[PDB]
Structure formats: C-alpha cells, structure tokens
Amino acid sequence: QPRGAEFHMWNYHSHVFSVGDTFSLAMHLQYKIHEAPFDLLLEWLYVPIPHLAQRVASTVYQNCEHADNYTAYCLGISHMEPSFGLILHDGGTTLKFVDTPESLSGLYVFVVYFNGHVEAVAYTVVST
Amino acid sequence: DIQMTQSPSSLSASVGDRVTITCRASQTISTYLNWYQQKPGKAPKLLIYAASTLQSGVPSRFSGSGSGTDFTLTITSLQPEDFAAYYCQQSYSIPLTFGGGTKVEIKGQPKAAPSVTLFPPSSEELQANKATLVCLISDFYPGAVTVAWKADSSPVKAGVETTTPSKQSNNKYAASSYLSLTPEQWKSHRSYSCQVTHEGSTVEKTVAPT
Amino acid sequence: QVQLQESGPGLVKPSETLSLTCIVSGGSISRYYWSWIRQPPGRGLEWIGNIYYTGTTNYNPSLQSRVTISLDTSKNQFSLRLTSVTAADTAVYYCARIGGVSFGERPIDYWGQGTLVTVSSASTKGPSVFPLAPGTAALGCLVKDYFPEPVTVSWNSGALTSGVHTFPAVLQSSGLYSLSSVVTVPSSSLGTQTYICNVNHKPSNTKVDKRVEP
C-alpha cells in the first residue's frame, strides 16, 4: 500500500554571526521513507546577496537500503568543493563555519534530492 | 503565511454531549497540526499532536482525526472541567500560525438562584479618603443578571463597577459590583441597598452603619 | 518534566525595547526549538519566533523587522528582544518548547507560565488592600488603585483553595485597576480559623498580607 517518501525541514531560517566566530549551521531534517533502495543526496548551495547560485557542498548516500532505522547506519561520501572552507559535519546535514570572514555571508540553501526528486529544501540567510 | 480557519467560533453544549470542531488549512499540511486547550487564566496544554496522536496524561475522550487540509477534534463526553478554549496550530511551514480559537461553554447547568451578600466599606478605606461598598452574587448559572443600587430609596446610576468570572468546575457565575464614592456622600446617607433580579422574586440586601 | 519561567518587566513605555528572558530548568536545550508566543488580552495567540541551539532563528515575518531571539546555553536560558513597542504589543508572552522526534511531530508540548506586558506611559502604583468582614459565611479582600494588571491573591499562603473566587480587574476612570477576592467559609468555622489574604503585585514588587475578622 505505501509508496514513496516524505521529508520536512522548516524551509525558512535566519542565522546571524560576527567576524571571527565559529558557529555551525545545522538543519533538523525529519523523514519517513519506504521502498528501501534509494539514492539520498544532501546538497548545500550558496548565493551571495538574486538569481544565480553557487555550489558549496554535497553528500551522497548512494544505493543505501536502511529505510526506517536511522539512516546514519549506512555512510556515504562527503566530497566538498574546496572553493570555500566550511568543515562539513555529521550526516552532511550541517555546516561548520571556522574562523569566518565576512565574505562567507549570504543565502545558503540545503536541498535534499531523494531518488532524483527534490523532496525538501530550506533557506537560511547568514549575515553579519 | 498559511491561513488557518477554525469552526465554529463559539458553541454551548451540555455535560456528556459530543463536541466536534473543524480546522481547515489553505495548503496541504501533511499530518502536521496540534490541538491545544487553554483554560481561563492558564497556559495552553498540548491535547493532540501529529493530528491523530494523544499527548501523555490526557483523557481518552479527546480524539484527533483528519489530514490534508481538513482536520477534526472530538470531545466524546463533555465534563464540567473542559470549559477551556481550543486552538489548532500548524507546524508545516514557517511562520507557524494558530487558529481563531473556539469558545466551548457548558450549558448543562440548570437555572440556579444566586447567593447574595453585601459588604459595607471598612474604616481603613474611609481613613484612606475613599468609600467603596461591595455587592456580591455567587454561584448562579444562567447568563447575566441585573443589580441596582438604592440610596435609601433611589436607584443610583453612577459609580457602579460590575465584573463576572468564567465558568467554574461546577459551571456557576458570581457577579461582583463595587459602588464607589467619597466619604462625605457615604456618611450623608443611612441605608444602602443592593437589589438583584434573577430567576425567583427580586432579592435585596441592605446595610446601615452601626 | 522541564519547567520554564519568564522574567520580563510588566510595564514598558511606548516605542522602547521590550526585553524578556525565559529560564529553563529540569531539562536540556539539547535538540529542540525554543519559541515565543504572544496573546493579546482578548484575541488569539500568535507565534513570534523560535531559536535552535546554534543560532538559526526562525522569525514570524509579520514583525521580523523588530524582533530578535538570543540564546544563553551557558546559563541555560534564552531572551526575547522586541524594539519600538507600540500600543498593540500589549499581550501575554509565553516561552515554550517545540520538539518531538517523528514525522508528524512538531508540537509545542511544554509551555511556560506567561508574563503580561502592558505598554503605556506612566511609572507604577502599588495596590491598596481593604478587608470585607461578615446559610454560610462570606468574607473578602478588596484590592484598589494599582497599575499594570497582573496581581495574585491567595488565602493563608495558598492553603485555602476551594470555595474562593478571584474576580477580573476593572478599570476605574482614574485610570487605575480594582479587584476583589471572596471566599465562602462555614458559619461555625468563622472564629476558629484566622483568615489572611496574601496579595502579590509583581510590577510594583509589593507583597501584602491582610487579616479578615469581624
């Protein structure tokens, strides 16, 4: 009877820092997923402040099968483009901003592609 | 901003009746709303979460149902302790938004005559340059009543301050009313009368400064 | 089991900053959202904002331009700041928690007590207490001529609970508030038990005891 998957992430966020801080931007993702074999992907994109948007990081759980038991069981690769710093963190669901300059301020989006479908995405405006 | 419409906005049901209220959303909120109960003066208590799940320590007569954009809260058998107001709140999208709220008033109480009492002003207040007397009718259900003030023969129109509480655990009201005036006008007259008219034969009490 | 307490001033002059602080106890700031909710004196309640454990504040955009929420994990508390308060911001302010770990669970499960913030232009005024001596017996206390409304009346340090009515405050045209608390006691229980009413006015920081006896 069940078919598909559902996610929930509280789209709109607002984080304010100051130069030289060590904050960590974290999302609290909620999910209920069936049909175990999927391709989860958690992608952090960035836009300075607006139409264009850069790419900052992306974690991929490729061909995982842990459906309802905590998906951190199976681990995936977390290759991040080094044009930024931004030490990535657990499950790929949170960034860590180490020794931040002002230039990192901007609108960050965290889009979750589940099996090629954008199942949720949340905005967070980081500014001084 | 999701608009949350609640229905109805005010209802009156007797004890043991089946109460049903509806919550409607402008967008599909997948099994995402909570029903809260706010008793008069107190903070809301979580009645239902996940739109169908009962919070720990809540009587089973509260039942939540619905999904999509249509939701229903049902009180199976009303009790005189469930006079509170009821709200439905979504959590799907920021900003989180509540409903209009439903005032559930209990109608089961039969017409009960009030208990009338009167308090003349105290000497401390008289030394404090003011003179206030207090008329009090306690534990009567039906609606509001009329209370008049007589200055030994004459209905007084000014200086009356009337207040009413909410329904108690026995579903009864108690209208309180102050008559305030200067000590000179308090001492110029002899017998002060409070006259309450409700469900019987018009009652009245009187004081004379002894 | 956790409990929360608001610590804000009950009177703020118009256009100024309203600053509240909610202290949590009996639990952690661990992984929940910590939120603020207003409720006008007669209207319904509206959510103003919540904050996570690493900044990441969610604000209601109706007044995002004026509000900020700060965290004090070190002292286990969190504060609300609302700038340029108008007359419409007079409301009861609750601090609460939004949590739950499941799909459909994001409820405001544990609420605070709620503090009343009236905005106007005055300074303060303490209450005046006067006794009211006598089927059964009825005795009362009369609170008169005080400013912002939040006031509490108990009897015998809260020992006398059943049979007590505390009336809503009324606005006397001198721009002040009046209230009364009545108790129905047995007729034979008059001369035995010493009846004392305790009145606490938080904005003026005034607690007063009053004995009642014929």
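A short reminder: the numbers here are calculations on the coordinates, not readings from a lab. Here the Cβ is made from the backbone with ideal geometry for all residues, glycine too, and neighbour counts use every protein chain on show.
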Residues of the stretch B:87-112 with the amide nitrogen closer than 14 Å to a label point 7 Å from the Cα of residue B:199, along Cα-to-Cβ, please. B:106-112
Sorted by chain and number, the residues with a modelled amide H under 5 Å from that of residue C:90, at a separation of 5 or more or across chains, are C:119
Any chance you could get the radius of gyration and Dmax over the Cα atoms of the stretch B:110-175, in Å? 14.2, 44
Length-normalised contact order of chain B in % [C-alpha pairs under 8 Å, at least 6 apart]: 19 percent
Could you tell me which trypsin sites (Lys or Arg not before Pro) in the stretch B:28-79 are loop residues by DSSP with no more than 14 other beta carbons within 10 angstrom of their beta carbon? B:42, B:61
What percentages make up the Cα-Cα pair-distance distribution of the stretch B:62-183 when the bins are 5 Å wide from 0? 2, 8, 14, 14, 12, 10, 9, 8, 8, 6, 5, 3, 1, 0
Binned Cα-Cα distances of chain A, short to long, each 10 Å bin given as a whole percent: 12, 44, 30, 12, 2, 0
Taking a crude spin-label model, label points 7 Å out from Cα along the C-beta direction, the residue A:35 to residue C:28 distance in nm is 3.7 nm
Kirkwood Rh, the stretch C:1-113, all Cα pairs: how many Å? 14.5 Å
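Can you pull the Kirkwood radius for chain C, inverse mean 1/r over Cα pairs, to one decimal in Å? Provide the component values of the computation, followed by the final result.
On the way: mean 1/r = 0.0514 Å⁻¹.
Result for chain C, one decimal place: 19.5 Å.
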Cβ-Cβ FRET estimate between residue C:206 and residue A:96, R0 fixed at 35 Å, reported to 0.05: 0.10
Convex hull (Cα only) mean projected area of the stretch B:1-104, reported in nm² to one decimal: 6.0 nm²
State to the nearest 20 debye the size of the charge dipole of the protein assembly as shown about its Cα centre, where the only charges are +1 on K and R beta carbons and -1 on D and E beta carbons. 1600 debye
In deg cm²/dmol, rounded to 500, what helix-only [θ] at 222 nm does chain B give when every DSSP H run of at least 4 residues adds -39500 (n - 2.57) and the total is split over its residues? -1000 deg cm²/dmol
Candidate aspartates and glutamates - alpha carbon under 16 Å from residue A:32, same-chain residues fewer than 8 apart omitted: A:6, A:65, A:68, A:119, C:105
Using the Kirkwood radius over Cα pairs of the stretch B:59-98, the Stokes-Einstein translational diffusion coefficient at 25 °C and 0.890 mPa s, in µm²/s and rounded to a whole number, is 203 µm²/s
Which whole-angstrom value gives the distance between the alpha carbon centres of the stretch C:58-100 and the stretch B:1-63? 25 Å
Over chain B, with a Gaussian network built from C-alpha contacts below 10 Å, which listed residue (B:129, B:34, B:171) shows the highest mean-square fluctuation? B:129
For the protein assembly as shown, the charge dipole (Cβ of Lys, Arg +1; Cβ of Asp, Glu -1; about the Cα centre) points to a positive end, and the Cα of C:137, A:7, B:87 closest to that extreme belongs to C:137
Which distance in nm do the two modelled labels at residue B:188 and residue B:206 give, with both placed 7 Å along the Cα-to-Cβ direction? 2.0 nm
Considering only B:37, B:79, B:127, give the residue with the highest GNM mean-square fluctuation for chain B, with springs between Cα atoms whenever their separation is below 10 Å. B:127
Can you give the local net charge around residue A:60? Use residues other than it whose beta-carbon is closer than 12 angstrom to its beta-carbon, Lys and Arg +1, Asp and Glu -1. -2
Mind listing the long-range amide H neighbours of residue B:156? Cut-off is under 5 Å, sequence gap 5 or more, other chains count too, H placed in the peptide plane at 1.01 Å from N. B:149, B:150, B:151
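Given Cα pairs under 8 Å that are at least 6 residues apart, what percent is the relative contact order of the stretch C:3-119?
Working: 276 pairs, mean separation 40.2, N = 117.
Dividing the mean separation by the residue count of the stretch C:3-119 yields 34 percent.
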Radius of gyration and maximum dimension Dmax of the protein assembly as shown, Cα, Å: 28.9, 95
Going through the cross-link list B:39/C:13; B:172/C:207; B:111/B:167, which pairs have a Cα-Cα distance over 22 Å in this structure? B:39/C:13; B:172/C:207
Residue C:65 versus residue C:161, label points 7 Å from Cα toward the beta carbon: distance in nm? 4.8 nm
